[PDB]
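What the first sequence shows, in the authors' numbering, is residues 613 to 832, 845 to 912, in sequence order.
Worksheet: one structure, shown below.
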Amino acid sequence: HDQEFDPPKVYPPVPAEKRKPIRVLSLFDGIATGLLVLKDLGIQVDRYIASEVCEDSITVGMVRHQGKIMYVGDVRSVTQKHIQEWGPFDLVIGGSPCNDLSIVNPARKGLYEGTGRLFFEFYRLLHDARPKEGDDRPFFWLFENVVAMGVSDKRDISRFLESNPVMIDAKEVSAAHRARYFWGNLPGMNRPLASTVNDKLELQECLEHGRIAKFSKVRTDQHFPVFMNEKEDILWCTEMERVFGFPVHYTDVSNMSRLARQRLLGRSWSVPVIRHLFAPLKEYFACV
DNA sequence: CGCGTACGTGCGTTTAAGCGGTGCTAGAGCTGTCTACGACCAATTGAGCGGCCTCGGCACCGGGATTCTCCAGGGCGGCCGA
Ligand SMILES: Nc1ncnc2c1ncn2[C@@H]1O[C@H](CSCC[C@H](N)C(=O)O)[C@@H](O)[C@H]1O
């Protein structure tokens with residue numbers, strides 16, 4: 613599909629003597645997957661600012677990052693003054709809530725409802741955190757969304773962000789079936805999925821003991849995908865974290881139920897997919 | 001109103017009820033003898049019943065513990081549908 617045409621801006625590599633840690637703005641953070649991947653790659657983080665509403669996700673971040681995260685409330689409360697007073701950013705990330713962007717809803721409300729239009733909030737903060745002309749600072753940005761969108765919606769998003777959406781499927785690097793569009797200007801945006809041997813490709817490596825995988829991988845019949853003691857059992861939450869690439873026992877931070885952990889892990893990013901995406905940032909920024 | 005199961009019908013098979021015989025004998029049934037067991041009569045007396053009394057066991061008011069009843073809330077999926 614060639615509807616628009618624009619070259620991706622490739623920044624020159626900075627040497628090690630002018631190497632600086634990253635300043636990261638994370639708009640729709642949720643479960644703090646971005647800072648988790650950044651800490652796993654061994655990258656020094658000078659400032660991480662997450663604008664999260666949901667208190668369970670804020671609790672996930674406060675437990676798993678120990679007060680490193682600077683919290684904002686709603687993204688509508690962020691102005692241009694808040695962007696220009698919190699220093700210039702080096703990495704902007706986010707994925708808008710796809711309640712009305714997904715075409716799996718028969719009665720979907722579209723891009724221009726209060727769940728979808730938050731994307732434009734992103735664009736506004738994309739417009740504020742972007743450096744002006746004449747500044748050769750390497751500025752990188754990343755937007756995530758689902759594959760189940762309309763043609764006009766994806767076309768308008770691609771025109772607004774001015775980048776080619778690469779499609780990445782979790783089955784090439786992890787044990788999940790979800791294809792996601794990624795807008796951004798990272799180097800090697802469409803390079804193939806370098807599967808890490810430490811990543812759990814099959815489903816059975818993500819299971820616990822005493823459980824047999826019925827399928828080869830899981831999706832995002846009135847049965848259950850795991851047999852347990854010759855009985856079909858629901859897929860566990862820690863096993864869901866191992867499928868989604870998270871560390872073991874990650875989203876157990878408060879007194880939330882099983883349904884809350886499902887709602888948090890469903891909306892979260894895939895750790896291996898991000899690790900692939902954030903990989904070339906290591907040569908552009910600080911290392912630890 | 002739907003599921004099923006288990007009962008009724010029919011046919012073949014066969015077990016034994018019924019009828020017809022006789023032989024025998026334990027026992028129902030009738031007869032004579034008498035004896036011992038109960039009705040009938042009087043005296044007597046002591047046990048049982050009318051009357052009384054007093055008192056303690058039962059009925060009853062009140063209070064607290066308790067003991068079951070029931071509904072409100074908190075968490076919990078869960079179920080969608082707008
Ligand atoms: N107006 C808003 N501003 C900021 N966050 C919001 C928001 N509305 C909802 N959110 C929260 O932000 C998250 C966006 S949903 C997708 C999250 C993202 N893909 C991830 O990496 O986890 C949701 O968890 C939702 O609870």
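All residues carry an ideal CB built from backbone N, CA and C; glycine is no exception.
- DSSP state of residue 831, grouped into three classes? Here residue 831 refers to the residue found at position 219 of the first sequence. Note: residue 831 maps to strand in three-state DSSP.
- Item | Chain-order list of residues whose beta-carbon lies under 7 angstroms from that of residue 826 (same chain, five-residue window excluded) | Position 214 of the first sequence, counting from 1, holds the residue named residue 826. The residues are 849, 850, 851.
- Do residue 618 and ligand 1 come close, with the Cβ less than 8 angstroms from some heavy atom? Walking along the first sequence from the start, residue 618 turns up at place 6. No, since every heavy atom of ligand 1 falls outside the 8 angstroms radius drawn around the Cβ of residue 618.
- Task: Give me the Cβ distance between residue 639 and residue 663, rounded to the nearest whole Å; I'm assuming they're in contact under 8 angstroms.
- Result: For the purposes of this step, residue 639 is identified with residue 27 of the first sequence, where counting begins at 1. For the purposes of this step, residue 663 is identified with residue 51 of the first sequence, where counting begins at 1. Their Cβ separation, rounded to whole angstroms, is 5 angstroms, which keeps residue 639 and residue 663 in contact under 8 angstroms.
- Determine, using beta carbons only, whether residue 728 and residue 710 come nearer to each other than 9 angstroms. Taking the first sequence and counting its residues from 1, one reaches residue 728 at position 116. Taking the first sequence and counting its residues from 1, one reaches residue 710 at position 98. Cβ atoms of residue 728 and residue 710: closer than 9 angstroms.
- Task: Would you check whether ligand 1 has a heavy atom nearer than 8 angstroms to the C-beta of residue 665?
- Result: Counting from 1 along the first sequence, the entry for residue 665 is found at position 53. In this structure, residue 665 has its beta carbon less than 8 angstroms from a heavy atom of ligand 1.
- Task: Go ahead and label residue 806 buried or exposed: buried means 16 or more other beta carbons lie within 10 angstroms of its beta carbon, across all protein chains shown.
- Result: Locating residue 806 in the first sequence gives position 194, where the first residue counts as 1. By the neighbour-count rule (16 or more Cβ atoms within 10 Å), residue 806 is not buried but exposed.
- Task: Tell me whether residue 708 counts as near ligand 1, meaning its Cβ is closer than 8 angstroms to at least one heavy atom of that ligand.
- Result: The residue given as residue 708 occupies position 96 in the first sequence. Yes, ligand 1 has a heavy atom inside 8 angstroms of this Cβ.
- Using the C-alpha atoms, what's the distance from residue 714 back to residue 667? Taking the first residue of the first sequence as position 1, residue 667 is located at position 55. Taking the first residue of the first sequence as position 1, residue 714 is located at position 102. Answer to the nearest angstrom: the Cα atoms are 24 angstroms apart.
- Message: Quick check: residue 737 and residue 637, are their CB atoms within less than 9 angstroms of each other?
- Response: Sequence index remark: in the first sequence, residue 737 carries index 125 (1-based). Sequence index remark: in the first sequence, residue 637 carries index 25 (1-based). In this structure, residue 637 lies closer than 9 angstroms to residue 737 by Cβ.
- Task: Could you check the C-alpha separation between residue 675 and residue 617 for me, to the nearest Å?
- Result: Stepping through the first sequence from its first residue, residue 675 is reached at position 63. Stepping through the first sequence from its first residue, residue 617 is reached at position 5. The alpha-carbon atoms of residue 675 and residue 617 are separated by roughly 44 angstroms.
- Chain-order list of residues whose beta-carbon lies under 8 angstroms from that of residue 854 (same chain, five-residue window excluded): Here residue 854 corresponds to residue number 230 of the first sequence, with the count starting at 1. Here the set comprises nothing.
- Does ligand 1 have a heavy atom nearer than 8 angstroms to the CB of residue 790? Start at 1 with the first residue of the first sequence, and residue 790 comes out as number 178. Residue 790 Cβ: outside cutoff for every heavy atom of ligand 1.
- Item | Spatial distance of residue 716 from residue 765 (CA atoms) | Within the first sequence, numbered from 1, the residue matching residue 716 stands at position 104. Within the first sequence, numbered from 1, the residue matching residue 765 stands at position 153. Taken atom to atom, the span from the alpha-carbon of residue 716 to that of residue 765 is near 14 angstroms.
- Message: ligand 1 and residue 640: does any heavy atom of the ligand fall closer than 8 angstroms to the residue's C-beta?
- Response: Along the first sequence, one-based indexing puts residue 640 at 28. For ligand 1, at least one heavy atom lies less than 8 angstroms from the Cβ of residue 640.
- Contact between the region 887-907 and the region 640-660: three or more CB pairs below 8 angstroms? Yes, they touch.
- Identity of the residue in 706, 859, 778 nearest residue 800 by Cα: Taking the first sequence and counting its residues from 1, the one referred to as residue 800 is at position 188. Of 706, 859, 778, the residue nearest in Cα terms is 778.
- Query: Hey, quick one: how far does the beta strand (DSSP E) through residue 662 stretch, first residue to last?
  - Reply: Position 50 of the first sequence, counted from the first residue, corresponds to residue 662. Residue 662: member of the beta strand (DSSP E) spanning 657-663, first to last residue.
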